[PDB]
Every structure is written in C-alpha cells, then in structure tokens.
Amino acid sequence: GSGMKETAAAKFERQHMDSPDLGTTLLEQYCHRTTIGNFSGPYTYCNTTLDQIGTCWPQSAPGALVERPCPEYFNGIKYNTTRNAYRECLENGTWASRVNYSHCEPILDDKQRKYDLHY
C-alpha cells in the first residue's frame, strides 16, 4: 500500500484592485474609541484591531463573536449585504486568526454574466 493521496486546488485571476504606494488612506484612521494598552484598561475585553482584513472591528467582549453570515436566511431573495464575516473573540479578550465567510457567497440562486464573441 501507500500513504499519499487526496488533493485538489483551483483559483482565479487576482492581482490587485489598483492602488498607489503607501496608501492614499490609512486603515486605522481612528476606528472606534480604541482606548487601551497601558493607559486605559477597564476589563479584559477585546480591543480595536485590524487583521489581514484592513476592515477594523470595534472592541468587543471576550468569548463572544462578531459573526454576520448573510443578512437573512431567506435562501433565494435579494439580500442587502452588511459586510458579512465571521470572527470570534476568545475568552482572553482576543480576536481570531482572520475573518472569513465563504458559506454565504455560494447560494442556491445565482447564475449570470458570461458573454462571448463569435465570428
């Protein structure tokens, strides 16, 4: 026998959405109140921080989670989209690895765009 199998991979074109150097705007303009770090530490709650996702999240509570997978579980309707994502907050007052949400994009109701050219 052997011990090697099972594998897959498939991605799509993706370089960048155009942009200058340095940044025409910091992702830490100010965010929430963000007041902690040896100056104003009330509790051991989560503090304002931004991970791989520039999108900064406002302080939260420990053992909580700022998940927002889709607006409503309609399944076949016009959504509003409110920056879906899924981030949990440890009981130590920390965020997770990095927000994520791919169980929303895929829905049993979508299939448009294609176009093509023929002689």
# chains A, B, ... in the order shown; residues from 1 in each chain; ligands from 1
$ residues_around --residues "range 40-57 of chain A" --least-positions-apart "3" --cutoff "6 Å" --atoms "only C-alpha atoms" --output "PyMOL selection string"
chain A and resi 27+34-36+60-62+93-94
$ write_last_selection --atoms "N, CA, C and O atoms" --output "PDB file, in the first residue's frame"
ATOM      1  N   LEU A  27      -5.857  52.530   7.125  1.00  0.00           N
ATOM      2  CA  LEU A  27      -6.999  51.725   7.520  1.00  0.00           C
ATOM      3  C   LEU A  27      -7.231  51.878   9.025  1.00  0.00           C
ATOM      4  O   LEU A  27      -8.112  51.233   9.591  1.00  0.00           O
ATOM      5  N   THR A  34     -11.198  52.882  20.758  1.00  0.00           N
ATOM      6  CA  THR A  34      -9.896  52.263  20.942  1.00  0.00           C
ATOM      7  C   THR A  34      -9.088  53.020  21.998  1.00  0.00           C
ATOM      8  O   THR A  34      -8.350  53.948  21.671  1.00  0.00           O
ATOM      9  N   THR A  35      -9.255  52.597  23.241  1.00  0.00           N
ATOM     10  CA  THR A  35      -8.552  53.224  24.347  1.00  0.00           C
ATOM     11  C   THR A  35      -8.066  52.167  25.339  1.00  0.00           C
ATOM     12  O   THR A  35      -8.764  51.845  26.301  1.00  0.00           O
ATOM     13  N   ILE A  36      -6.874  51.654  25.075  1.00  0.00           N
ATOM     14  CA  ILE A  36      -6.288  50.638  25.933  1.00  0.00           C
ATOM     15  C   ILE A  36      -4.840  50.390  25.505  1.00  0.00           C
ATOM     16  O   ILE A  36      -4.440  50.762  24.403  1.00  0.00           O
ATOM     17  N   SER A  60     -14.849  44.492  21.360  1.00  0.00           N
ATOM     18  CA  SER A  60     -15.951  43.591  21.656  1.00  0.00           C
ATOM     19  C   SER A  60     -15.723  42.911  23.008  1.00  0.00           C
ATOM     20  O   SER A  60     -14.803  43.272  23.741  1.00  0.00           O
ATOM     21  N   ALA A  61     -16.575  41.939  23.297  1.00  0.00           N
ATOM     22  CA  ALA A  61     -16.479  41.205  24.546  1.00  0.00           C
ATOM     23  C   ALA A  61     -15.787  39.864  24.294  1.00  0.00           C
ATOM     24  O   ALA A  61     -15.839  39.334  23.185  1.00  0.00           O
ATOM     25  N   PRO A  62     -15.137  39.342  25.368  1.00  0.00           N
ATOM     26  CA  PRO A  62     -14.435  38.073  25.273  1.00  0.00           C
ATOM     27  C   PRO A  62     -15.420  36.902  25.256  1.00  0.00           C
ATOM     28  O   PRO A  62     -16.480  36.967  25.876  1.00  0.00           O
ATOM     29  N   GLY A  93     -10.004  37.784  25.576  1.00  0.00           N
ATOM     30  CA  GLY A  93     -10.141  39.124  25.034  1.00  0.00           C
ATOM     31  C   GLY A  93      -9.272  39.304  23.788  1.00  0.00           C
ATOM     32  O   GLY A  93      -8.520  40.272  23.687  1.00  0.00           O
ATOM     33  N   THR A  94      -9.404  38.355  22.872  1.00  0.00           N
ATOM     34  CA  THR A  94      -8.639  38.397  21.636  1.00  0.00           C
ATOM     35  C   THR A  94      -9.506  37.947  20.458  1.00  0.00           C
ATOM     36  O   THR A  94     -10.483  37.225  20.642  1.00  0.00           O
TER      37      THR A  94
END
$ select_by_dssp --residues "chain A" --states "strand (DSSP E or B)" --output "list in words"
residues 49, 57, 65 and 88 of chain A
$ write_last_selection --atoms "C-alpha atoms" --output "PDB file, in the first residue's frame"
ATOM      1  CA  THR A  49      -7.732  45.845  15.920  1.00  0.00           C
ATOM      2  CA  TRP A  57     -13.518  45.957  14.013  1.00  0.00           C
ATOM      3  CA  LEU A  65     -18.138  36.637  18.238  1.00  0.00           C
ATOM      4  CA  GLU A  88     -14.853  35.005  17.216  1.00  0.00           C
TER       5      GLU A  88
END
$ atom_distance --atom1 "CA of residue 84 in chain A" --atom2 "CA of residue 101 in chain A"
6.9 Å
$ residues_around --residues "range 105-119 of chain A" --least-positions-apart "2" --cutoff "7 Å" --atoms "only C-alpha atoms" --output "list in words"
residues 76, 102 and 103 of chain A
$ write_last_selection --atoms "N, CA and C atoms" --output "compact mmCIF listing (two decimals), in the first residue's frame"
# COMPACT_ATOMS: atom_id res chain seq x y z
N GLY A 76 -32.77 32.50 -1.54
CA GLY A 76 -33.46 32.81 -2.78
C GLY A 76 -34.22 34.13 -2.68
N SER A 102 -17.26 32.05 3.41
CA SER A 102 -17.42 31.54 2.06
C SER A 102 -18.70 30.70 1.97
N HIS A 103 -19.40 30.61 3.10
CA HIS A 103 -20.63 29.85 3.16
C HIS A 103 -21.82 30.77 2.89
$ atom_distance --atom1 "CA of residue 28 in chain A" --atom2 "CA of residue 99 in chain A"
17.1 Å
$ closest_residue --among "A:21, A:39, A:16, A:85" --to "residue 69 in chain A" --atoms "only C-alpha atoms"
A:85
$ closest_residue --among "A:1, A:63, A:20, A:58" --to "residue 32 in chain A" --atoms "only C-alpha atoms"
A:58
